[PDB]
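**Student:** Chains as they are written, first to last, in our numbering: chain X, 292 to 573; chain V, 89 to 366.
Where a beta carbon is used, it is the ideal one built from N, C-alpha and C, also for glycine.
Before I ask anything, let me first share the structure, which is written out below as structure tokens.
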Ligand SMILES: OC[C@H]1O[C@H](O[C@H]2[C@H](O)[C@@H](O)[C@@H](O)O[C@@H]2CO)[C@H](O)[C@@H](O)[C@@H]1O
Ligand SMILES: OC[C@H]1O[C@H](O[C@H]2[C@H](O)[C@@H](O)[C@@H](O)O[C@@H]2CO)[C@H](O)[C@@H](O)[C@@H]1O
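Have a look at this one:
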């Protein structure tokens, strides 16, 4: 037997490592793999087809004992594959369906986003926008869902033009600001589902001569080191990336070694850190 | 050599209504079932009053025989949790804990979701008025199951009276006096959600006693799939929470805590399932 664990990204390891979420999740993954003498393995394919092939060779090689998926996408072929080959794997993120069958690690993203939206609403904001990554990712749907419900519960409208999907990058944050700040009735607060987008939102808002947070409040997610040092420092939700990783690996090795298993879900705590990007609105 | 190997279950009062609730046998089933895999025996507290129980825990730790502790129930302002945390003693908790969720390891159902799910079901049947009977209010599970439903309705735009809301103690008797109370006002809801199978049973029987035909007159859903649930009348609408697995997953968690010095606090979430036999 060989103990190595496979890691699967949502895209090229090169795109992934530009996002500080990933080195931190891997850092948690590794910290545990160490405890049980497991090593790590990832494929290099950039393309979706290439990433599939990647996972397939992993399973075909009989050298990988288990696989951690660092993401959760709707209709992931990767999951259809692993489920059919009966290969041991674990999610970081809610699965679209079969919660009962799949073992996953996640934050309560629905509630984190609800809480962020409650936070802004208690601040008197009534025109609140959401900027996320892919629609097809479940962390995005959930984060959307929680802020959305929070708005409907306080009787606050959420127009289609305040909901944005882009990839997670700074540029995304800049195009969002173009779109949002370009409307006839723009938002006064903004929730970004990723610090990269937060950081970009900030620069873009500042290139246009706005001031955060007097003109626009921003909350974002993930606590990137960069968020601490942004000017002004970003309110963000710490989502405990490392523990997501550590706990994912601990769940997988258990699944692999025990080999008779029950599927559970593991919820790692989040924390809203209010730094400097939010101001009162009343 | 060198092995002791046993876990401590902080039991409810022997004279409490909770001891007799089916939730506990089933949770102990899970606990013993996993405990057996690692060869842990179970030791249980016998106290009746809150002080006696507290003493028991102090005895458990002090004796140094017992590896870790499971708290079967969740009390507010909790003293035992405080003492345990201070003694650096590994413990796990069935149910959400009001405070320090971040600092404790616990095992739960997504009760808020389940309640929402239940509500959306009834609406789909499309019931204008829905009422709620809960075990008394402080326990979180009640608060969450309340919130879940109260939200789905609000989203729905259905309205909750504050008379559709009740709160009395997890007893078959409790579910009796509620049916008498609820059919008491000018409007009868025609749907109900109860947070406990005992309550659900006294709800089915108190409206047999009044000449109301379930499901066609009044529709009922209740939690926990006691499986007293199957027996009762027409079989129910129930949310089955796999209590066995709560117990099992709680033990797995503690044994890990006991053996590997695992600090990290996480919530472990057991899947639920809305069966519908009304
Ligand atoms: O909340 C847990 C969450 O972690 C990961 O989500 C990442 C995402 O993949 C990254 O690209 C970046 O955008 O930040 C997210 C963290 O907030 C898992 O991919 C996701 O499935 C899971 O929900
Ligand atoms: O959802 C799991 C829920 O379980 C417990 O709640 C019990 C309660 O203790 C019983 O007396 C009765 O109300 O059945 C409930 C479960 O349906 C705990 O509160 C905790 O495990 C958790 O929140």
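Please list the partners that residue 337 of chain V has in chain X, where partner means a Cβ-to-Cβ separation under 9 Å.
**Tutor:** Your numbering for residue 337 of chain V matches position 249 in the second chain. Contact of residue 337 of chain V with chain X by beta-carbon distance below 9 Å involves 553 and 555.
**Student:** Assign residue 552 of chain X to one of three DSSP states: helix, strand, or coil.
**Tutor:** As a first step, residue 552 of chain X is located in the first chain; it is residue number 261 there, counting from the start. Reduced to three states, the DSSP call for residue 552 of chain X is coil.
**Student:** By a C-beta neighbour count over all protein chains shown, 10 Å radius and 16 as the cutoff for buried, is residue 277 of chain V buried or exposed?
**Tutor:** Numbered from its first residue, the second chain carries residue 277 of chain V at position 189. Its Cβ being crowded by 16 or more others within 10 Å, residue 277 of chain V is buried.
**Student:** Can you check DSSP and say which residues form a bridge with residue 156 of chain V?
**Tutor:** Taking the second chain and counting its residues from 1, the one referred to as residue 156 of chain V is at position 68. According to DSSP, residue 156 of chain V bridges with V:95.
**Student:** Could you check whether residue 492 of chain X and residue 468 of chain X sit closer than 7 Å to each other, using their CB atoms as the reference points?
**Tutor:** Indexing the first chain from 1 puts residue 468 of chain X at position 177. Indexing the first chain from 1 puts residue 492 of chain X at position 201. Against a cut-off of 7 Å, the Cβ pair of residue 492 of chain X and residue 468 of chain X comes out as a contact.
**Student:** Since residue 440 of chain X is in the beta strand (DSSP E), which residue starts that stretch and which ends it?
**Tutor:** Taking the first chain and counting its residues from 1, the one referred to as residue 440 of chain X is at position 149. Residue 440 of chain X -> not in any beta strand (DSSP E); alpha helix (DSSP H) instead, spanning 429-444.
**Student:** Determine the closest residue to residue 403 of chain X out of X:560, X:569, X:570 and X:572, with distance taken between C-alpha atoms.
**Tutor:** Counted from its first residue, the first chain places residue 403 of chain X at position 112. It is X:560.
**Student:** Near residue 386 of chain X, which residues of its chain fall below 7 Å by C-beta distance, leaving aside the five closest residues on each side in sequence?
**Tutor:** The count along the first chain starts at 1 and reaches residue 386 of chain X at position 95. 363, 393 and 395.
**Student:** In whole angstroms, what separates the C-alpha of residue 279 of chain V from that of residue 321 of chain V?
**Tutor:** On the second chain, residue 279 of chain V is found 191 positions in, with the first residue counted as 1. On the second chain, residue 321 of chain V is found 233 positions in, with the first residue counted as 1. Those two C-alpha atoms are separated by around 17 Å.
**Student:** Measure the Cβ-Cβ separation of residue 113 of chain V and residue 107 of chain V and say whether it is below 7 Å.
**Tutor:** Numbered from 1 along the second chain, position 25 holds the residue referred to as residue 113 of chain V. Numbered from 1 along the second chain, position 19 holds the residue referred to as residue 107 of chain V. Their beta carbons are not under 7 Å apart, which means residue 113 of chain V does not touch residue 107 of chain V by this criterion.
**Student:** Is the Cβ of residue 190 of chain V closer than 7 Å to any Cβ of chain X?
**Tutor:** Within the second chain, the letter at position 102 stands for residue 190 of chain V. Yes, its Cβ sits closer than 7 Å to a Cβ of chain X.
**Student:** What does DSSP give as the partner residues of residue 364 of chain X in its beta bridges?
**Tutor:** Against the first chain, residue 364 of chain X aligns to sequence position 73. Per DSSP, X:428.
**Student:** Got a sec? Which residues, its chain only, sit under 8 Å from residue 230 of chain V by beta carbon, not counting five neighbours each side?
**Tutor:** Translated into positions along the second chain, residue 230 of chain V becomes position 142. Result list for residue 230 of chain V: 222, 223, 224, 255 and 283, in chain order.
**Student:** Return the bridge partner residues of residue 541 of chain X from the DSSP annotation.
**Tutor:** Start at 1 with the first residue of the first chain, and residue 541 of chain X comes out as number 250. DSSP lists no partner for residue 541 of chain X.
**Student:** Using CA atoms only, rank isn't needed, just tell me which of X:557, X:417 and X:461 is closest to residue 400 of chain X.
**Tutor:** The sequence position of residue 400 of chain X within the first chain is 109, counting from 1. For residue 400 of chain X, the nearest C-alpha among the options comes from X:557.
**Student:** Quick one: list the residues of chain V neighbouring residue 560 of chain X, beta-carbon separation under 8 Å, in chain order.
**Tutor:** Residue mapping note: residue 560 of chain X aligns to position 269 of the first chain, counting from 1. Here the neighbours are 189, 190, 353, 354 and 355.
**Student:** Compare the C-beta of residue 228 of chain V with all C-beta atoms of chain X and state if any pair is closer than 7 Å.
**Tutor:** Residue 228 of chain V sits at position 140 when you count from the first residue of the second chain. No, because no Cβ of chain X sits closer than 7 Å to the Cβ of residue 228 of chain V.
**Student:** Using the Cβ count rule (16 or more neighbours within 10 Å means buried), how would you classify residue 538 of chain X?
**Tutor:** Mapped onto the first chain, residue 538 of chain X falls at position 247. Looking at its Cβ environment, which holds 16 or more other Cβ atoms inside 10 Å, residue 538 of chain X is buried.
**Student:** Three-state secondary structure (DSSP) at residue 459 of chain X?
**Tutor:** Here residue 459 of chain X refers to the residue found at position 168 of the first chain. DSSP places residue 459 of chain X in coil when its eight states are reduced to three.
**Student:** Quick check: is the beta carbon of residue 385 of chain X nearer than 7 Å to any beta carbon in chain V?
**Tutor:** For the purposes of this step, residue 385 of chain X is taken as the residue at position 94 of the first chain. It does not: the Cβ of residue 385 of chain X has no partner Cβ on chain V nearer than 7 Å.
**Student:** What is the residue span of the beta strand (DSSP E) that residue 179 of chain V lies within?
**Tutor:** Counting from one through the second chain, the residue named residue 179 of chain V turns up at place 91. First-last of the beta strand (DSSP E) with residue 179 of chain V: 179-182.
**Student:** Between residue 243 of chain V and chain X, is the shortest Cβ-Cβ distance under 7 Å, so that the two count as touching?
**Tutor:** Counting from 1 along the second chain, the entry for residue 243 of chain V is found at position 155. Look at residue 243 of chain V: its C-beta is under 7 Å from a C-beta on chain X.
**Student:** Classify residue 527 of chain X as helix, strand or coil using the three-state DSSP reduction.
**Tutor:** As a working note, residue 527 of chain X is residue 236 in the first chain. Of the three classes helix, strand and coil, the one that applies to residue 527 of chain X here is strand, per DSSP.
**Student:** Using CA atoms only, rank isn't needed, just tell me which of X:536, X:549, X:329 and X:566 is closest to residue 382 of chain X.
**Tutor:** For this step, residue 382 of chain X is matched to residue 91 along the first chain. Nearest of X:536, X:549, X:329 and X:566 to residue 382 of chain X, Cα basis: X:536.
**Student:** Count the other CB atoms within 10 Å of the CB of residue 504 of chain X; is the residue buried (16 or more) or exposed (fewer)?
**Tutor:** In the first chain, the residue the question calls residue 504 of chain X occupies position 213. Label assigned to residue 504 of chain X: buried.
**Student:** Nearer than 6 Å: is that true of the beta carbon of residue 485 of chain X relative to any heavy atom of ligand 1?
**Tutor:** Position 194 of the first chain, counting from 1, holds the residue named residue 485 of chain X. Result yes, Cβ under 6 Å from ligand 1.
**Student:** If you measure between the beta carbons of residue 142 of chain V and residue 117 of chain V, is that distance less than 7 Å?
**Tutor:** Within the second chain, numbered from 1, the residue matching residue 142 of chain V stands at position 54. Within the second chain, numbered from 1, the residue matching residue 117 of chain V stands at position 29. Going by beta carbons, residue 142 of chain V and residue 117 of chain V fall outside the 7 Å limit.
**Student:** Between V:263, V:183 and V:220, which lies nearest to residue 297 of chain V when the distance is taken from Cα to Cα?
**Tutor:** Position 209 of the second chain, counted from the first residue, corresponds to residue 297 of chain V. Nearest option by C-alpha distance: V:263.
**Student:** Can you check which of these residues, X:427, X:329, X:377 and X:334, is closest to residue 551 of chain X by C-alpha distance?
**Tutor:** Working through the first chain from its first residue, we reach residue 551 of chain X at position 260. The option with the nearest alpha carbon to residue 551 of chain X is X:377.
**Student:** Considering Cα atoms alone, identify which of X:450, X:338 and X:511 is closest to residue 565 of chain X.
**Tutor:** By 1-based counting over the first chain, the position of residue 565 of chain X is 274. It is X:511.
**Student:** Does DSSP classify residue 508 of chain X as helix, strand or coil?
**Tutor:** On the first chain, residue 508 of chain X is found 217 positions in, with the first residue counted as 1. Residue state, collapsed to three classes: strand.
**Student:** When the Cα atoms are used, what is the spatial distance from residue 242 of chain X to residue 434 of chain X?
**Tutor:** Residue 242 of chain X cannot be examined here, being either before or after the span of chain X that is shown, 292 to 573.
**Student:** Put residue 421 of chain X into one of helix, strand or coil per three-state DSSP.
**Tutor:** To locate residue 421 of chain X, count along the first chain from 1; it is residue 130. The answer is strand: DSSP assigns residue 421 of chain X an E or B state.
**Student:** Sorry if obvious, but does the Cβ on residue 229 of chain V come closer than 6 Å to a heavy atom of ligand 2?
**Tutor:** Taking the first residue of the second chain as 1, we reach residue 229 of chain V at position 141. Residue 229 of chain V Cβ: within cutoff of ligand 2.
**Student:** For residue 406 of chain X, is the classification buried or exposed, using 16 other Cβ atoms within 10 angstroms of its Cβ as the cut-off for buried?
**Tutor:** Walking along the first chain from the start, residue 406 of chain X turns up at place 115. Buried, because 16 or more other Cβ atoms sit within 10 Å of the Cβ of residue 406 of chain X.
**Student:** Have a look at the DSSP bridge pairing and note the partners of residue 562 of chain X.
**Tutor:** Looking up residue 562 of chain X in the first chain gives position 271. BP columns for residue 562 of chain X point to X:529.
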